[PDB]
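Step one of this worksheet: look at the structure below.
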Amino acid sequence: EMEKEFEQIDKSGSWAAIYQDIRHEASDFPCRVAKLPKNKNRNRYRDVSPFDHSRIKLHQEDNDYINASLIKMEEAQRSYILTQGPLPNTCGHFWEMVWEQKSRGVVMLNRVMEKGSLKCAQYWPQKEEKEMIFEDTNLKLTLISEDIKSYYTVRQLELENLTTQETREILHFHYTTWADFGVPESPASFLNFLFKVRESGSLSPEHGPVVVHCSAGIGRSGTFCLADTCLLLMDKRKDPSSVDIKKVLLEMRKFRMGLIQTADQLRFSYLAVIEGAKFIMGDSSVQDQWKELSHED
Ligand code: VO4
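Read in order, the letters of the sequence shown correspond to residues 2 to 298 in PDB author numbering.
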């Protein structure tokens with residue numbers, strides 16, 4: 002049981018050892034396509050690649066490679082696409098993937114510039130009047146509106162397939178204060194943001210998988226997905242004790258390497274899930290408590 006275990010681990014100060022054990026037991030699968038010489042400029046990081054078996058394939062005849070993985074959580078019945086922050090040459094691929102996979106939301110957990118370096122291309126328009134056209138993939142992207150809060154921004158984008166002129170609404174959920182290799186300010190702040198993604202409909206099974214990224218797409222993205230999946234699992238059963246956080250993370254790591262980069266992110270994942278359990282088990286008022294504690298104004 003997560004809460005009991007949580008305090009056992011805190012008591013011993015053994016989060017590094019627990020986290021290390023998950024690293025040691027995690028799956029190892031080939032990333033042959035990612036390592037092909039022609040894909041070198043499609044990878045942001047040399048050591049972060051999608052497994053071949055779970056990689057997202059673009060629907061183009063030329064080169065179908067993107068650094069993106071489908072995390073298909075069978076028992077929870079939820080899927081996510083975890084991907085790196087697009088590069089200047091992969092922004093067209095990124096939006097092509099959003100289109101072909103029928104995603105409704107994009108969750109971005111990083112800033113474009115972090116610690117003085119460019120962690121992510123400016124892949125969406127910052128101004129209504131300056132829309133973006135990705136000529137390589139024949140897509141057009143327009144900012145429709147923006148709702149700026151203290152630590153996150155929600156954007157309403159319109160994505161158009163120029164070949165067919167069909168248009169779709171994409172919701173962009175942008176957490177702007179979550180540092181690389183860091184943890185959110187509080188369980189409340191993280192959960193307030195997670196429930197706004199859930200309260201967008203973007204995670205619904207009638208849509209394609211939500212796209213989740215930060216810079217590499219494994220650490221903050223892993224944390225976000227682990228908490229969400231764990232809450233969903235106990236929601237389906239209405240049974241918080243049936244959820245094994247470490248086994249869920251190991252299951253997720255069969256689909257993308259390196260999910261959760263630090264032991265404190267794992268520890269934070271426990272915190273977020275334990276706190277979110279109060280909502281799942283019937284205390285609806287906690288949701289407004291999180292919003293207050295998050296100080297989004
Ligand atoms: O850009 V990350 O170090 O949260 O995978």
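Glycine included, every Cβ here is placed at the ideal spot set by N, Cα and C.
8 Å contact criterion, which residue 230 and residue 74 should meet: CB distance rounded: 5 Å
Boundaries of the alpha helix (DSSP H) in which residue 253 is found, first to last residue: 246-253
Just to check, is the beta-carbon of residue 217 closer than 7 Å to a non-hydrogen atom of the ligand VO4? yes
Does the Cβ of residue 257 lie closer than 7 Å to at least one heavy atom of the ligand VO4? no
For the alpha helix (DSSP H) that residue 98 lies in, which residues bound it at each end? 92-101
Taking 7 Å as the line, does the beta carbon of residue 110 fall inside it for any heavy atom of the ligand VO4? yes
Flag this pair as touching only if the stretch 43-61 and the stretch 266-284 have three or more C-beta atom pairs under 8 Å; answer yes or no. no
Do the CB positions of residue 99 and residue 198 come within less than 8 Å of each other? no
Euclidean distance between Cα positions of residue 97 and residue 6: 43 Å
Straight-line gap, residue 204 to residue 226 (C-alpha atoms, nearest Å): 11 Å
Spatial distance of residue 69 from residue 206 (CA atoms): 20 Å
Let's test the definition: count the other Cβ atoms within 10 Å of the Cβ of residue 182 and tell me whether it reaches 16, buried, or not, exposed. exposed
Report back the beta-carbon spacing between residue 105 and residue 202 to the nearest angstrom; my notes put them in contact at under 8 Å. 7 Å
Runs of beta strand (DSSP E) wholly within the stretch 108-150 (minimum 3 residues, chain order): 133-135 and 140-149
DSSP three-state assignment for residue 54, whether helix, strand or coil: coil
Would you mind reading off the limits of the alpha helix (DSSP H) that contains residue 275? 264-281
Residue 39 in three-state terms, based on DSSP: helix
Just how far apart, CA to CA, sit residue 136 and residue 295? 40 Å
Could you check which residue in 273, 259 and 281 has the C-alpha nearest to that of residue 22? 259
Closer than 7 Å by C-beta to residue 262: which residues in its own chain qualify, once you throw out the five before and the five after it? Chain order, please. 182, 219 and 220
For residue 281, which of 249, 251, 253 and 242 has the nearest alpha-carbon? 242
Please specify which runs of the alpha helix (DSSP H), each continuous and at least 4 residues long, are wholly inside the stretch 159-243, giving them in chain order. 188-199 and 220-238
Buried or exposed for residue 93, going by 16 or more other Cβ atoms inside 10 Å? buried
With a 10 Å radius around its C-beta and 16 neighbouring C-beta atoms as the bar for buried, classify residue 170 as buried or exposed. exposed
Straight-line Cα distance separating residue 17 from residue 318: Summary: the structure shown does not reach residue 318, with the chain confined to residues 2 through 298, and so no result is reported for it.
Among residues of its own chain, excluding the 5 on either side of residue 196, which ones have a beta-carbon nearer than 7 Å to its beta-carbon? 288
Exposed or buried, which one is residue 14 when buried takes at least 16 other CB atoms within 10 Å? exposed
Any heavy atom of the ligand VO4 within a distance shorter than 7 Å of the CB on residue 286? no
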